[PDB]
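Asker: so I pulled this structure from the PDB, and the sequence comes with it:
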Amino acid sequence: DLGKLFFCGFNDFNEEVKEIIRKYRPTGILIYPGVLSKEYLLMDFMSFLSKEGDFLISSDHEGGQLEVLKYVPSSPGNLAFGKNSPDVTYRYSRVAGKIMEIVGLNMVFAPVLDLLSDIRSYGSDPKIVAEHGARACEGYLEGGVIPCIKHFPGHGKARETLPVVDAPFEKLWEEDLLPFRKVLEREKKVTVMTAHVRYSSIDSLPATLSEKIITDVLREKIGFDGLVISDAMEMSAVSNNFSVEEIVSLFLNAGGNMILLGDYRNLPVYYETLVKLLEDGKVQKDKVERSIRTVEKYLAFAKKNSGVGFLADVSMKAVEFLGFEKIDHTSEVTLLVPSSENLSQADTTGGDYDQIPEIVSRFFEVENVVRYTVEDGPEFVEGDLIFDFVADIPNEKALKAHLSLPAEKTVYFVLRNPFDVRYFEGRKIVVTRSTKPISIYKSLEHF
Amino acid sequence: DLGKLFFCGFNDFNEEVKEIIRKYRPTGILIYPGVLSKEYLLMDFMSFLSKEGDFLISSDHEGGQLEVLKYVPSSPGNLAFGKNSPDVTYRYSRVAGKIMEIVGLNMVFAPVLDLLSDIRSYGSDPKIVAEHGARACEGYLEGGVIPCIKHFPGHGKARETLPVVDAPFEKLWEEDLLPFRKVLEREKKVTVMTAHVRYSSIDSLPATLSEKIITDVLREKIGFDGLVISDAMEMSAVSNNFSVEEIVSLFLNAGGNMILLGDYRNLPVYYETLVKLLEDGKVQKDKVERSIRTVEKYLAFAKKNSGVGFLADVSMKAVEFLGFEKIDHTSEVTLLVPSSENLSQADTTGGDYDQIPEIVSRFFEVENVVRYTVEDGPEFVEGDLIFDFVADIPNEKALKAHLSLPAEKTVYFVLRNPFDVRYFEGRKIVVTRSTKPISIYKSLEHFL
C-alpha cells in the first residue's frame, strides 16, 4: 500500500536499487542519465521493472534545454514552440510520447506551464502558454505517456533559499494559473507537479506544502481530483526549511498524492516517517487511502509494456556457458580486450570493446586492463582471474597466445562466431552471440 | 524521369549535395553517419528532401554490429536473435521501423539474409534464417519502412578482388536462397539488394551484373517483380573489373532497377553514361521504363511524412532578425561563445555552446573562437565579423563588455531570453529561442 505514495529517482541500477525497490515497492520510477546514457543498464532496469510489478516510469525529457533520452529527436524547446502553432507542439509531443512508450516509459515530467518573466517556458502570454500546454498534453497522451504539468500554481514570477512570488491571487489566477486551468479543465489523465515557492499573498508555506493552494485552489476552486506530485523534496527550498516529518505530513495533509524523492536512497527515511505519522495519527489515514486509490487509478490507465527490457532477455537467451557452472567474486580480474581493428563508420565493434572495462567493473575489480591485437593474440599475463575477450582467431600463432593462458583461471568470451569454441576443447567458455555491452553485462550477471 | 534509377549515399549536407539533388533527381537517398551523427543536419536534410520531392530515404541500420541511428534502441544483432523466437525479431523490427518512420526514413537496408559459414547473420541453419528474415521484413513494414533483403543470392559462402562461390546451384537453391524464397513469396512489398559475388555454377559475372541471376533465378524462377537494387557500384569487386559503361548496362539489362552509388559524387558520371547508352541503344529502353515504373510503385506505397524535418522549420520560424536583413560573407568570423559551468546532467545548453564553432564552420573558411564567462562579458576582440552569442546579461560591467564591441561588425545572438534584445537597441541581433544547434544553423543559412 504505502509505496504507492512514492516517486523515486535512480541514477544507477545495481543490487542496492533492486533491493530498495523489492523492499518498499515504490510505484514511481524516475530514471536519470546515469542509467539512460548506458543503454545496457536501462534495458536491464526495464527488464527488472517488467518482472517486479506495476510502475509509473518517467523521465525529465521536456525537449530543448532538458533532454536525457537519446531516442527522441532533439527539440529546440518550448520557447521556440511558443512562436509556432500549437498544432506542432501536439506533433512533437505525440512523437516524444510514442518513442517514450516504445522505450518503456509511461509518464513524462512535462510540459512546463510556467510563464516567462526562460527557454523552458512557452512564453510570457498566458493564453499562448495554455494553448500549447493543452496540445502538448494531448500529444503526449495520444503518444502513450501520462504527462505532468509544472510547476503549480506557476513558478514563473519567482525570486530569491525558498523563492517568493508576491503577486496578489487575482493576478495569479488570471495569468500564472490560466494554463493550469485550461489544461485541467480540458485534459483529465494529466498529473500536476507542485511548485517549491512561497506565494506571499496566500500562504507562508511553499505551494508544495500548502493546503490552501493544493486543496483550496487546485482541488476545490479548479476542481482537479487527479494525481498531484511534489517537486523533489530534497531540493533546498523545502529540505533546508522543514523536517522530513513536516514535509511528509504537510504535503499529504495538503492534498498531495505522491512524494518525489530525487534520490531513491531517501526512501527508507521517508517511508518510515510516514509509517510513524500514521501511528501518530498526525496524518489521517483516509488521506493516505485516497492517494493510494488516485495513484492506482493512474496506474490502471498507464501503458504497461516491457519496453526495451525485452532486448535484455533476447541477449541473455543467446548466451551459452561451456565447461563451468559458475565462478566466485575474486576481488581482481585481468581483462584482455582486443583493439578496435575496424574503423568503418557504421561498425560499432570498436566502441563495444572500449566499453568492456567499465561493464566488468560493475561485477569485479578489473585492476588490470591490457589491450591486444587480434592477429597476434594476447600477451601472456598472470592474475587471480583472467577474462579473455575473443573476437576471432585468424591464425595458429594467435591461437597459441590464447591457449598459453592458465586454463584453471581464464574465461574466454567467444564474442563473435561460436564455431571458435572448437579452438577451446575442455576450457571455460562464454558464448555471447554479440559484442554488444548488454550481452556482456548479462553474462557476468549470470557469473 | 531517370533519376528514379539512382540511389546515392550522402555523408554530408551542403550546397553541393542540394545541387546534385535538384539537378538530377535521384530517388534513393542513403544517409550516412556524417549526417546522422549531427542531428541538426539530419533535420535540415529531411526538411530539404521534403520540400523537393518524393524519395526513398534509407540507412544501414541493421542492428547489432552495424548501427547508425541514435533513435533506435540498440540490438544485440541477428545472430543473437537467431537463437530467439522469431516473434522477438518481428518485435524489434517493428519498433525499429516505427522509429525510422518518425524520424523520416521510409526504407532500410536490412535484413541480412546471408548465411553464416558472422554476427550480422541470423545463423547457419537456413530454415531459421528464413523465419527470422520474414518476421523481420513483416516487422519493418508494420512499423512503416520498406526493407531490403541482402545480398542476393547470398554472400555467406564467399571465398575471399571479386569473391567466388563455386557451390552447385542445387546447394545454393537449397541453402542460401532458401531465405530469399521464403521472404519473397510472402512479402511482395520488400526490396532486394544484389550481391557482388561470382557464382561459378551459374555465371562468370557477379550477380549484381548477371541476367542469369537477376532475370533467370530471381525475376522468373522465384517470381519477384519488385525493386532490385545494386550493392554500391564503387565497391572494388565491380569497380576494378568493369567500367561504368559495362556496369550501368549489365545491371539494368540484367533486370536490376536501382543503381546504388555509395558516393553521390559519382552521379554525374554515372548519370550521363546512362543517357548516352540510351542514345546508343546499348541499353534496352524497355527495361529503363519498366524500372522507372517499379520504382514509382514502391514510392507510391512508401510512407511520406517530413519526419524530423518539421523540427528544422519549427526552429526557423521562432527566429527574428533585427537591424539587418543579410550580411556579406566575410572571409573570417570571430566567435564569442560563452563558457559553461557545473550544471545538471539533463541540461544541454553547455554542450550546445561547445558545438557552435563546428556549426559556424559550415559557413566560414576561417574562424577565431574565444570563450568568455557570462558573468564577466566578452573580452574586447577584433575581426572582419564578430558573432556574440549571449546566454544572458547578469551585470552592468558585463553588459558594458558586450556593448563596447563595435556595432557595424558585431552580430549579437540572443540565445535565450528575448527580453535581452532591449539592451542591444538598433544593433544587429539574431533572436533564436534556443541554444540548440538547429536554431543557430538555420539562422546563418538565412542571412548567409
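Answerer: That came through, no problem. Numbers count the residues shown, from 1 in each chain, chains lettered A, B, ... in the order given.
Asker: distance between stretch A:379-387 and the chain's centre?
Answerer: 37 Å (C-alpha atoms, centre = their mean, to the nearest Å).
Asker: buried stuff in it?
Answerer: A:383, A:385-387 (16 or more other C-beta atoms under 10 Å in any protein chain shown). The C-beta positions use only the backbone N, C-alpha and C, and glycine is treated the same way.
Asker: among those, which are in strands?
Answerer: The strands, defined by DSSP state E, take in A:386-387 from those.
Asker: give the next helix or strand downstream of the strand or helix carrying residue A:294.
Answerer: Assigned by DSSP states H and E, residue A:294 falls within helix A:285-301. With elements assigned by DSSP H and E, the helix or strand that comes after helix A:285-301 is helix A:310-318.
Asker: what's the neighbour count on the residue of the stretch 151-300 of chain A found nearest chain B?
Answerer: Here the stretch 151-300 of chain A gets closest to chain B at one residue, residue A:262, 10.7 Å apart by C-beta to the nearest C-beta. The number of residues packed near residue A:262 is 19, by other C-beta atoms under 10 Å in any protein chain shown.
Asker: ok now do the residue nearest to it when sequence neighbours are not counted, which residues does it touch?
Answerer: Spatial nearest neighbour of residue A:262, chain neighbours left out: residue A:232 (3.7 Å); criterion: C-beta to C-beta, 6 or more residues apart in numbering or on different chains. With contact set as C-beta atoms under 8 Å, 6 or more residues apart in numbering or on different chains, residue A:232 has these partners: A:9, A:260-262.
Asker: quick check: phi and psi at residue A:232.
Answerer: Per-residue torsions, residue A:232: phi -50, psi 130 (degrees, to the nearest 10).
Asker: any idea how far it is from residue A:17?
Answerer: Distance, residue A:232 to residue A:17, using C-beta to C-beta, to the nearest Å: 17 Å.
Asker: what do you get for residue A:6?
Answerer: Residue A:6 is 14 Å from residue A:17, by C-beta to C-beta.
Asker: so those two - more neighbours on which side?
Answerer: residue A:6 (23 against 19).
Asker: do you know how far the closest residue to the more buried one other than its chain neighbours is from residue A:53?
Answerer: Distance criterion C-beta to C-beta, 6+ apart; nearest residue to residue A:6, sequence neighbours excluded, is residue A:26 at 3.9 Å. For residue A:26, the distance to residue A:53 equals 10 Å [C-beta to C-beta].
Asker: any chance of the contacts of residue A:232 in JSON lines, plus secondary structure?
Answerer: Shown next, in JSON lines, are the contacts of residue A:232 (DSSP: H, G, I helix; E, B strand; the rest coil):
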{"residue": "A:9", "secondary structure": "strand"}
{"residue": "A:260", "secondary structure": "strand"}
{"residue": "A:261", "secondary structure": "strand"}
{"residue": "A:262", "secondary structure": "coil"}
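Asker: those residues of the stretch 51-200 of chain A touching chain B, which are they?
Answerer: Counting by C-beta under 8 Å from any C-beta of the partner chain, the stretch 51-200 of chain A comes close to chain B at A:60, A:64-68, A:70-77, A:79-84, A:88, A:91-92, A:95, A:98-99, A:102-103, A:116, A:118-119.
Asker: out of those residues, which sit inside helices?
Answerer: Among these, the subset assigned to helices under DSSP state H consists of A:79-81, A:88, A:91-92, A:95, A:98-99, A:102-103.
Asker: which one is residue A:96 nearest to, not counting chain neighbours?
Answerer: residue A:72 (5.1 Å).
Asker: close enough to count as contact, the one you found and residue A:98?
Answerer: No - applying C-beta atoms under 8 Å as the test, residue A:72 and residue A:98 come out as separate, 9.4 Å apart.
Asker: care to break chain A down by domain?
Answerer: Here the domain parsing of chain A from curated CATH domains is A:1-318, A:319-447.
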